[PDB]
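Have a look at start-v1.cif below; it lists mmCIF, C-alpha atoms.
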data_target
#
loop_
_atom_site.label_atom_id
_atom_site.label_comp_id
_atom_site.auth_asym_id
_atom_site.auth_seq_id
_atom_site.Cartn_x
_atom_site.Cartn_y
_atom_site.Cartn_z
CA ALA I 1 0.00 0.00 0.00
CA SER I 2 3.12 2.19 -0.47
CA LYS I 3 3.30 4.77 -3.33
CA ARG I 4 6.50 4.62 -5.39
CA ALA I 5 8.41 7.44 -7.05
CA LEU I 6 11.15 7.25 -9.66
CA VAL I 7 13.60 10.15 -9.82
CA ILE I 8 15.87 9.97 -12.92
CA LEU I 9 19.35 11.36 -12.25
CA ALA I 10 21.73 12.29 -15.06
CA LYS I 11 25.09 14.04 -15.23
CA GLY I 12 24.53 17.75 -15.03
CA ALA I 13 21.23 17.65 -13.06
CA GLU I 14 20.48 20.59 -10.70
CA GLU I 15 21.36 18.92 -7.33
CA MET I 16 18.98 21.05 -5.28
CA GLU I 17 16.14 20.12 -7.60
CA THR I 18 17.02 16.46 -7.10
CA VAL I 19 17.57 16.34 -3.28
CA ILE I 20 14.67 18.46 -2.23
CA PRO I 21 11.90 16.34 -3.82
CA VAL I 22 13.60 13.11 -2.84
CA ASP I 23 13.88 14.21 0.79
CA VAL I 24 10.37 15.63 0.98
CA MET I 25 8.84 12.64 -0.70
CA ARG I 26 10.53 10.29 1.73
CA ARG I 27 9.26 12.37 4.66
CA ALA I 28 5.78 11.68 3.25
CA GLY I 29 6.32 7.97 3.36
CA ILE I 30 6.78 7.50 -0.42
CA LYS I 31 9.22 4.82 -1.58
CA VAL I 32 11.64 6.78 -3.79
CA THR I 33 14.20 5.28 -6.13
CA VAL I 34 16.89 7.57 -7.35
CA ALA I 35 17.88 5.94 -10.62
CA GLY I 36 21.08 6.84 -12.44
CA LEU I 37 20.63 7.31 -16.20
CA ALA I 38 24.09 5.89 -17.01
CA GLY I 39 24.27 3.12 -14.35
CA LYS I 40 24.80 2.67 -10.59
CA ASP I 41 27.87 4.87 -10.62
CA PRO I 42 28.05 8.18 -8.77
CA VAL I 43 26.65 11.24 -10.66
CA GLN I 44 28.33 14.67 -10.83
CA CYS I 45 25.65 17.26 -10.65
CA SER I 46 25.68 20.70 -12.08
CA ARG I 47 27.29 22.39 -9.10
CA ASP I 48 29.72 19.39 -8.56
CA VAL I 49 27.77 17.82 -5.79
CA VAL I 50 28.18 14.09 -6.32
CA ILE I 51 25.28 11.79 -5.48
CA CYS I 52 25.20 7.96 -5.41
CA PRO I 53 22.00 6.61 -7.01
CA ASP I 54 19.99 3.81 -5.47
CA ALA I 55 19.95 1.79 -8.67
CA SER I 56 20.72 1.97 -12.35
CA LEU I 57 17.78 3.06 -14.51
CA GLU I 58 17.90 -0.36 -16.28
CA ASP I 59 17.31 -2.17 -12.96
CA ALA I 60 14.79 0.31 -11.63
CA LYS I 61 12.78 0.02 -14.83
CA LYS I 62 12.05 -3.60 -13.86
CA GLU I 63 10.62 -2.77 -10.40
CA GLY I 64 7.87 -0.53 -11.63
CA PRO I 65 5.26 0.73 -11.97
CA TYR I 66 5.67 4.09 -10.32
CA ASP I 67 3.02 6.47 -9.20
CA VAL I 68 5.19 9.43 -10.22
CA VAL I 69 8.18 9.83 -12.54
CA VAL I 70 10.31 12.82 -11.60
CA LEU I 71 12.58 14.73 -13.98
CA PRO I 72 14.92 17.24 -12.29
CA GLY I 73 16.32 20.20 -14.14
CA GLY I 74 19.76 21.55 -14.81
CA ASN I 75 20.46 22.38 -18.45
CA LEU I 76 22.92 19.54 -19.17
CA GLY I 77 20.81 17.14 -17.12
CA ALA I 78 17.68 17.89 -19.12
CA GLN I 79 19.60 17.46 -22.36
CA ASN I 80 20.82 14.04 -21.26
CA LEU I 81 17.21 13.17 -20.32
CA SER I 82 15.97 14.45 -23.67
CA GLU I 83 18.42 12.33 -25.61
CA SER I 84 17.85 9.05 -23.78
CA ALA I 85 15.68 6.37 -25.42
CA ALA I 86 15.17 4.71 -22.04
CA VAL I 87 13.59 7.92 -20.77
CA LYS I 88 11.30 8.08 -23.80
CA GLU I 89 10.07 4.59 -23.12
CA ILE I 90 9.53 5.26 -19.43
CA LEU I 91 7.60 8.46 -20.06
CA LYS I 92 5.44 7.01 -22.88
CA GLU I 93 4.49 4.12 -20.63
CA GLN I 94 3.73 6.47 -17.76
CA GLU I 95 1.54 8.59 -19.97
CA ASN I 96 -0.37 5.50 -21.21
CA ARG I 97 -1.21 4.21 -17.79
CA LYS I 98 -2.18 7.71 -16.63
CA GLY I 99 0.51 8.06 -14.08
CA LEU I 100 1.88 11.37 -12.91
CA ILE I 101 4.88 12.98 -14.63
CA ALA I 102 6.62 15.77 -12.76
CA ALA I 103 9.42 17.95 -14.19
CA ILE I 104 11.05 21.13 -12.89
CA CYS I 105 13.07 24.05 -14.28
CA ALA I 106 14.66 22.78 -17.49
CA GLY I 107 13.27 19.29 -16.91
CA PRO I 108 10.03 19.90 -18.78
CA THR I 109 11.93 20.22 -21.98
CA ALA I 110 12.46 16.49 -22.03
CA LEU I 111 8.74 16.15 -22.35
CA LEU I 112 8.90 18.00 -25.58
CA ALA I 113 11.77 15.93 -26.89
CA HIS I 114 9.80 12.77 -26.17
CA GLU I 115 6.42 14.08 -27.36
CA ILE I 116 4.86 13.77 -23.97
CA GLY I 117 1.74 15.59 -22.83
CA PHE I 118 1.06 17.78 -25.93
CA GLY I 119 -1.80 20.21 -25.36
CA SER I 120 -1.11 20.58 -21.60
CA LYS I 121 -0.52 23.78 -19.69
CA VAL I 122 3.12 23.71 -18.41
CA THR I 123 5.73 25.99 -16.88
CA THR I 124 9.48 26.03 -17.06
CA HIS I 125 12.39 28.13 -15.95
CA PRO I 126 12.01 31.53 -17.78
CA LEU I 127 15.24 30.77 -19.56
CA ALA I 128 13.80 27.52 -20.91
CA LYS I 129 10.56 29.01 -22.24
CA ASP I 130 11.59 29.47 -25.90
CA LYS I 131 12.81 25.91 -26.06
CA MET I 132 9.68 24.32 -24.54
CA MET I 133 7.38 26.40 -26.81
CA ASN I 134 9.03 25.53 -30.09
CA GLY I 135 6.13 24.48 -32.25
CA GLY I 136 3.33 25.69 -30.00
CA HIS I 137 2.63 22.20 -28.68
CA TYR I 138 1.96 23.35 -25.11
CA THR I 139 0.40 26.35 -23.43
CA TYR I 140 2.75 28.33 -21.19
CA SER I 141 2.00 29.32 -17.62
CA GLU I 142 4.01 31.55 -15.35
CA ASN I 143 2.54 29.97 -12.20
CA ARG I 144 5.31 28.68 -9.91
CA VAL I 145 3.75 25.20 -9.95
CA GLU I 146 1.46 24.17 -12.80
CA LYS I 147 -0.61 20.98 -13.08
CA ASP I 148 -2.70 20.00 -16.01
CA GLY I 149 -4.03 16.51 -16.06
CA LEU I 150 -1.09 14.21 -15.30
CA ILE I 151 1.68 16.71 -16.07
CA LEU I 152 3.06 18.65 -13.12
CA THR I 153 5.71 21.25 -13.80
CA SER I 154 7.53 23.90 -11.90
CA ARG I 155 9.95 26.73 -12.55
CA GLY I 156 13.32 26.58 -10.72
CA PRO I 157 15.45 25.65 -7.74
CA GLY I 158 13.60 28.10 -5.51
CA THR I 159 10.26 26.46 -6.36
CA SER I 160 11.55 23.02 -5.48
CA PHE I 161 9.74 22.84 -2.13
CA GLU I 162 6.41 23.84 -3.63
CA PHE I 163 6.95 21.37 -6.44
CA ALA I 164 7.72 18.52 -4.02
CA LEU I 165 4.69 19.28 -1.76
CA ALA I 166 2.48 19.30 -4.81
CA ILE I 167 3.67 15.79 -5.64
CA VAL I 168 2.94 14.77 -2.06
CA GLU I 169 -0.60 16.30 -2.26
CA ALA I 170 -1.29 14.46 -5.52
CA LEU I 171 -0.15 11.06 -4.26
CA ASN I 172 -1.08 11.13 -0.56
CA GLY I 173 -3.49 14.03 -0.19
CA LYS I 174 -3.63 17.51 1.25
CA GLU I 175 -3.38 16.50 4.93
CA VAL I 176 -0.19 14.52 4.56
CA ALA I 177 1.27 17.43 2.61
CA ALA I 178 0.29 19.84 5.38
CA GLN I 179 1.74 17.52 8.03
CA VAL I 180 5.06 17.12 6.19
CA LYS I 181 5.28 20.86 5.47
CA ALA I 182 5.04 22.10 9.04
CA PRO I 183 8.46 20.92 10.39
CA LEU I 184 10.27 22.34 7.35
CA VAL I 185 9.86 25.94 8.44
CA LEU I 186 8.73 27.25 5.07
CA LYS I 187 7.51 30.86 4.80
CA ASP I 188 4.26 30.19 2.86
CA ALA T 1 41.44 36.24 -4.28
CA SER T 2 38.86 33.41 -3.93
CA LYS T 3 36.84 32.98 -0.68
CA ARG T 4 36.80 29.44 0.71
CA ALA T 5 34.04 27.61 2.55
CA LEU T 6 34.22 24.40 4.54
CA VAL T 7 31.03 22.37 4.86
CA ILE T 8 31.36 19.50 7.40
CA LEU T 9 29.30 16.46 6.43
CA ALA T 10 28.49 13.69 8.90
CA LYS T 11 26.25 10.63 8.83
CA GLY T 12 22.71 11.71 9.51
CA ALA T 13 23.02 15.30 8.18
CA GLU T 14 19.88 16.91 6.65
CA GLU T 15 20.76 16.53 2.91
CA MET T 16 18.73 19.54 1.80
CA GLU T 17 20.53 21.69 4.34
CA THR T 18 23.84 20.45 2.94
CA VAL T 19 23.19 20.70 -0.85
CA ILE T 20 21.44 24.01 -0.91
CA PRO T 21 24.25 26.08 0.67
CA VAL T 22 26.92 24.21 -1.25
CA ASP T 23 25.16 24.84 -4.56
CA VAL T 24 24.34 28.47 -3.82
CA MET T 25 27.81 29.20 -2.55
CA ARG T 26 29.36 27.76 -5.67
CA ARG T 27 27.04 29.88 -7.84
CA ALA T 28 28.55 32.86 -6.02
CA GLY T 29 32.04 31.87 -6.98
CA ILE T 30 33.08 30.57 -3.53
CA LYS T 31 35.47 27.61 -3.39
CA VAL T 32 33.55 25.07 -1.29
CA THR T 33 34.99 21.91 0.19
CA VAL T 34 32.52 19.35 1.36
CA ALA T 35 34.52 17.49 3.99
CA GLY T 36 33.42 14.14 5.37
CA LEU T 37 33.71 13.85 9.16
CA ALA T 38 34.63 10.14 9.03
CA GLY T 39 36.82 10.15 5.86
CA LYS T 40 36.49 10.36 2.06
CA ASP T 41 33.85 7.67 2.01
CA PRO T 42 30.27 8.32 0.87
CA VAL T 43 27.89 9.69 3.58
CA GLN T 44 24.31 8.49 4.16
CA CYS T 45 22.22 11.46 4.99
CA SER T 46 19.14 11.59 7.08
CA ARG T 47 16.70 10.87 4.27
CA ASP T 48 19.09 8.23 2.70
CA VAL T 49 20.45 10.49 0.06
CA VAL T 50 24.09 9.49 -0.28
CA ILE T 51 26.67 12.17 -1.05
CA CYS T 52 30.38 11.75 -1.90
CA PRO T 53 32.52 14.34 -0.07
CA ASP T 54 35.30 16.23 -1.78
CA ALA T 55 37.84 15.35 0.90
CA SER T 56 38.18 13.85 4.33
CA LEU T 57 38.01 16.41 7.16
CA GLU T 58 41.62 15.47 8.13
CA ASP T 59 42.88 16.49 4.66
CA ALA T 60 40.68 19.53 4.34
CA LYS T 61 41.87 20.78 7.73
CA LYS T 62 45.33 21.21 6.17
CA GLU T 63 44.16 23.42 3.26
CA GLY T 64 42.68 26.13 5.40
CA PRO T 65 41.95 28.76 6.45
CA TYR T 66 38.34 29.15 5.49
CA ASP T 67 36.28 32.26 5.38
CA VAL T 68 33.23 30.34 6.58
CA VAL T 69 32.74 27.02 8.37
CA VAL T 70 29.31 25.55 7.71
CA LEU T 71 27.50 23.10 9.99
CA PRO T 72 24.36 21.52 8.47
CA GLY T 73 21.58 20.17 10.61
CA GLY T 74 19.81 16.88 10.93
CA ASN T 75 19.53 15.55 14.48
CA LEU T 76 21.99 12.64 14.14
CA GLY T 77 24.31 14.80 12.05
CA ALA T 78 24.47 17.51 14.69
CA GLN T 79 25.13 14.93 17.38
CA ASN T 80 28.04 13.52 15.39
CA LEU T 81 29.34 17.09 14.95
CA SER T 82 28.91 17.77 18.65
CA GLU T 83 30.89 14.72 19.65
CA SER T 84 33.84 15.21 17.31
CA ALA T 85 37.10 16.62 18.72
CA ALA T 86 38.19 17.59 15.21
CA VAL T 87 35.12 19.81 14.93
CA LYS T 88 35.90 21.42 18.29
CA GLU T 89 39.37 22.29 17.12
CA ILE T 90 38.16 23.67 13.81
CA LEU T 91 35.50 25.83 15.42
CA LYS T 92 37.77 27.15 18.22
CA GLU T 93 40.34 28.16 15.63
CA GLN T 94 37.68 29.80 13.48
CA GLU T 95 36.39 31.75 16.44
CA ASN T 96 39.93 32.93 17.33
CA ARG T 97 40.72 34.28 13.92
CA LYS T 98 37.29 35.93 13.71
CA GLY T 99 36.04 33.90 10.84
CA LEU T 100 32.38 33.25 10.17
CA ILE T 101 30.62 30.20 11.62
CA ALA T 102 27.28 29.27 10.09
CA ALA T 103 24.95 26.55 11.42
CA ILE T 104 21.36 25.66 10.54
CA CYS T 105 18.43 23.80 12.13
CA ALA T 106 19.96 21.43 14.66
CA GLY T 107 23.47 22.43 13.63
CA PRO T 108 23.77 25.26 16.13
CA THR T 109 23.70 22.80 18.94
CA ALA T 110 27.24 21.79 18.12
CA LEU T 111 28.26 25.27 19.02
CA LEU T 112 27.01 24.70 22.49
CA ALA T 113 28.76 21.37 22.80
CA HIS T 114 32.03 23.01 21.81
CA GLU T 115 31.55 26.21 23.82
CA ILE T 116 31.51 28.39 20.77
CA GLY T 117 30.08 31.88 20.61
CA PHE T 118 28.63 32.19 24.16
CA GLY T 119 26.66 35.41 24.63
CA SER T 120 25.51 35.56 20.97
CA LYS T 121 21.97 35.81 19.68
CA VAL T 122 21.20 32.54 17.80
CA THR T 123 18.26 30.64 16.33
CA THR T 124 17.62 26.97 15.85
CA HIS T 125 14.89 24.65 14.70
CA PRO T 126 11.98 25.10 17.23
CA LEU T 127 12.48 21.50 18.21
CA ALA T 128 16.12 22.18 19.10
CA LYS T 129 15.47 25.24 21.25
CA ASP T 130 15.50 23.55 24.69
CA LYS T 131 18.76 21.86 23.89
CA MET T 132 20.56 24.99 22.65
CA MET T 133 19.35 27.03 25.67
CA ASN T 134 20.49 24.63 28.36
CA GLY T 135 22.38 26.86 30.74
CA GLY T 136 21.29 30.20 29.32
CA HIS T 137 24.56 30.69 27.45
CA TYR T 138 22.93 32.23 24.37
CA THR T 139 19.99 34.50 23.65
CA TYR T 140 17.27 32.94 21.49
CA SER T 141 15.81 34.54 18.40
CA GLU T 142 12.90 33.36 16.32
CA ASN T 143 14.13 35.23 13.22
CA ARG T 144 14.50 32.85 10.26
CA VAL T 145 18.13 33.89 9.85
CA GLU T 146 20.04 35.38 12.79
CA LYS T 147 23.52 36.91 12.76
CA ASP T 148 25.36 38.19 15.75
CA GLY T 149 28.98 39.00 15.31
CA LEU T 150 30.57 36.01 13.58
CA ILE T 151 27.81 33.49 14.35
CA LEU T 152 25.17 33.03 11.67
CA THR T 153 22.32 30.67 12.39
CA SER T 154 19.10 29.65 10.79
CA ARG T 155 16.06 27.54 11.57
CA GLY T 156 15.30 24.63 9.18
CA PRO T 157 15.31 23.06 5.74
CA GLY T 158 12.86 25.64 4.44
CA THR T 159 15.17 28.49 5.51
CA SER T 160 18.13 26.96 3.71
CA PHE T 161 18.02 29.39 0.78
CA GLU T 162 17.88 32.44 3.01
CA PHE T 163 20.68 31.01 5.11
CA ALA T 164 22.89 30.38 2.05
CA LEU T 165 22.26 33.88 0.58
CA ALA T 166 23.17 35.40 3.91
CA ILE T 167 26.51 33.61 3.77
CA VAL T 168 26.98 34.93 0.25
CA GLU T 169 26.14 38.52 1.38
CA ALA T 170 28.62 38.26 4.26
CA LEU T 171 31.50 36.97 2.14
CA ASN T 172 30.94 38.65 -1.24
CA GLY T 173 28.47 41.44 -0.57
CA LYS T 174 24.86 42.34 -1.21
CA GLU T 175 25.15 42.73 -5.00
CA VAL T 176 26.59 39.29 -5.62
CA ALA T 177 23.87 37.87 -3.40
CA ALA T 178 21.21 39.71 -5.40
CA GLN T 179 22.74 38.54 -8.68
CA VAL T 180 22.89 34.89 -7.59
CA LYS T 181 19.35 35.03 -6.16
CA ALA T 182 17.55 36.16 -9.28
CA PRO T 183 17.88 32.97 -11.44
CA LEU T 184 16.73 30.78 -8.54
CA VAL T 185 13.12 31.87 -8.77
CA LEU T 186 12.64 32.45 -5.05
CA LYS T 187 9.40 34.06 -3.83
CA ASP T 188 10.94 36.71 -1.53
#
Do you think you could lay out the structure here as structure tokens?
Amino acid sequence: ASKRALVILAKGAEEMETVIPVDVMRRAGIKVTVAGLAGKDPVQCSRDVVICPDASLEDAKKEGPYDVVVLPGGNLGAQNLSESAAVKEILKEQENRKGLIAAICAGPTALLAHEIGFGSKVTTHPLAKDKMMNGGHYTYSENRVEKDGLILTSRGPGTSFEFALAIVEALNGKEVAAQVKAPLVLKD
Amino acid sequence: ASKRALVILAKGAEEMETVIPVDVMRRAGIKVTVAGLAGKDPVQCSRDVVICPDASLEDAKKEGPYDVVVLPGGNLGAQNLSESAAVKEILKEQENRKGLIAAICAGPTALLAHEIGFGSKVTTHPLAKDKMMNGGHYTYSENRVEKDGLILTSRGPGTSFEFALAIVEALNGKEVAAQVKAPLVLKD
């Protein structure tokens, strides 16, 4: 009866945008797997923080399904996500079974690369807007967190807490989110 | 002409409170060393995020001095910090040369264990107040970030961005802090 979250971690990911959702989701009792795109080896994030994944993406793919698939940002991380055929397969399957897809900052741009969620309202980092909107396949929002159907997006490192709590609210409900939020000492 | 920051990482540290300052400080051009209390080996943080330090604390001690020494929180992390004689020596030396000491959430309680900064106004997580105030050696503040002389403290994971930007403002000034803050997409 435990919800499961997959966080996909590639070289160049924004480490804050990775650790904050992972931590918050585990405070909410979600089973999170931090899966390394390239294997089980340690991953050098964008600001040189180095994180050891729980599993390779190949292994974690076999222990699905997941209630949420999480795509962190960071410009080089999103590009690695956008180029990976394993990500495409994971996202297409998640879309088909109507599971949640969550992406933050530059992360949403992998959705475009993989033709995921066309027609949805999404947000990105302001610096990633032109890229996400190439072709007019989505509608752009400047809300800090945006959710349209099964696509949940958010804007940058400083929205990471709101993004994570929104995932918690979607999976476990508003009261768990409120209970997890209080000890964090957030402003709003 | 590069400012240097030491972040001391022990088993059980709050990973958000570790990654956010490290990342923000590196965006500001500070040379940060993430030093593992127990050695160069990977460290299991409080929510099971596993981080590889840059150096052991023994090695990093030799490449000082540092403009700021940073103590993350997490209850078991702070207790490991509070029990370590190497931390005591690092903090006492930092106090004597009037360098900045920054601690967040439960982190400040290591200051008490090591008799650092008595008489200063400090803040902690609300849950760590009774422990920090044992003996009346400090004055308690409920400000989200508190700075009194060379002691900079802050309250919890959700204050981590404000805490980090305050370190940046102290080391590099208000304009660098403002410049680093803007791309993060913080609310206030």
> Would you list which chain T residues are within 9 Å of chain I using all atoms listed in the file, as a PyMOL selection string?
Replying inline: chain T and resi 14-16+19-20+22-24+26-27+34+42+46-54+125-127+144+155-159+161+183-187
Could you turn the residues from that selection into a file that holds C-alpha atoms, as a tab-separated table (two decimals), in the coordinates of the input?
chain	number	residue	atom	x	y	z
T	14	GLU	CA	19.88	16.91	6.65
T	15	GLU	CA	20.76	16.53	2.91
T	16	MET	CA	18.73	19.54	1.80
T	19	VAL	CA	23.19	20.70	-0.85
T	20	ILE	CA	21.44	24.01	-0.91
T	22	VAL	CA	26.92	24.21	-1.25
T	23	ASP	CA	25.16	24.84	-4.56
T	24	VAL	CA	24.34	28.47	-3.82
T	26	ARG	CA	29.36	27.76	-5.67
T	27	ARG	CA	27.04	29.88	-7.84
T	34	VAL	CA	32.52	19.35	1.36
T	42	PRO	CA	30.27	8.32	0.87
T	46	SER	CA	19.14	11.59	7.08
T	47	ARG	CA	16.70	10.87	4.27
T	48	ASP	CA	19.09	8.23	2.70
T	49	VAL	CA	20.45	10.49	0.06
T	50	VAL	CA	24.09	9.49	-0.28
T	51	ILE	CA	26.67	12.17	-1.05
T	52	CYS	CA	30.38	11.75	-1.90
T	53	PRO	CA	32.52	14.34	-0.07
T	54	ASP	CA	35.30	16.23	-1.78
T	125	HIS	CA	14.89	24.65	14.70
T	126	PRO	CA	11.98	25.10	17.23
T	127	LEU	CA	12.48	21.50	18.21
T	144	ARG	CA	14.50	32.85	10.26
T	155	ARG	CA	16.06	27.54	11.57
T	156	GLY	CA	15.30	24.63	9.18
T	157	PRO	CA	15.31	23.06	5.74
T	158	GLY	CA	12.86	25.64	4.44
T	159	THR	CA	15.17	28.49	5.51
T	161	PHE	CA	18.02	29.39	0.78
T	183	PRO	CA	17.88	32.97	-11.44
T	184	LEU	CA	16.73	30.78	-8.54
T	185	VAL	CA	13.12	31.87	-8.77
T	186	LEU	CA	12.64	32.45	-5.05
T	187	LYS	CA	9.40	34.06	-3.83
Padding 5 Å on each side, edges along x, y and z: where is the centre of the box around the listed atoms of segment 89-99 of chain T, and how long are its edges in Å to one decimal? Output it as JSON.
{"center_x": 38.1, "center_y": 29.1, "center_z": 14.5, "size_x": 15.2, "size_y": 23.6, "size_z": 17.4}
> Mind pulling up the distance from atom CA of residue 178 of chain T to atom CA of residue 131 of chain I?
Replying inline: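 Separating atom CA of residue 131 of chain I from atom CA of residue 178 of chain T is a distance of 26.2 Å.
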>> Just want the 7 Å neighbourhood of residue 6 of chain I, counted on only C-alpha atoms, with same-chain residues fewer than 2 positions away dropped. Output as number ranges by chain.
In response: I: 4, 8, 32-35, 66, 68-70
I'd like the neighbourhood of residue 92 of chain T as a PDB file with C-alpha atoms, in the frame of the given file, where a residue qualifies if any of its atoms comes within 9 Å (using all atoms listed in the file), though same-chain residues fewer than 5 positions away should be ignored.
ATOM      1  CA  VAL T  87      35.120  19.810  14.930  1.00  0.00           C
ATOM      2  CA  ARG T  97      40.720  34.280  13.920  1.00  0.00           C
ATOM      3  CA  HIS T 114      32.030  23.010  21.810  1.00  0.00           C
ATOM      4  CA  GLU T 115      31.550  26.210  23.820  1.00  0.00           C
ATOM      5  CA  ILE T 116      31.510  28.390  20.770  1.00  0.00           C
TER       6      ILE T 116
END
> Which residues come within 7 Å of residue 168 of chain I, counting all atoms listed in the file, excluding same-chain residues fewer than 5 positions away, as a PyMOL selection string?
Replying inline: chain I and resi 25+28+173+177
> Suppose you want the space between atom CA of residue 67 of chain I and atom CA of residue 12 of chain T; what is it in Å?
Replying inline: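 That distance, rounded to one decimal, is 27.7 Å.
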>> Could you tell me how far atom CA of residue 96 of chain I sits from atom CA of residue 40 of chain I, in Å to one decimal place?
In response: 27.5 Å
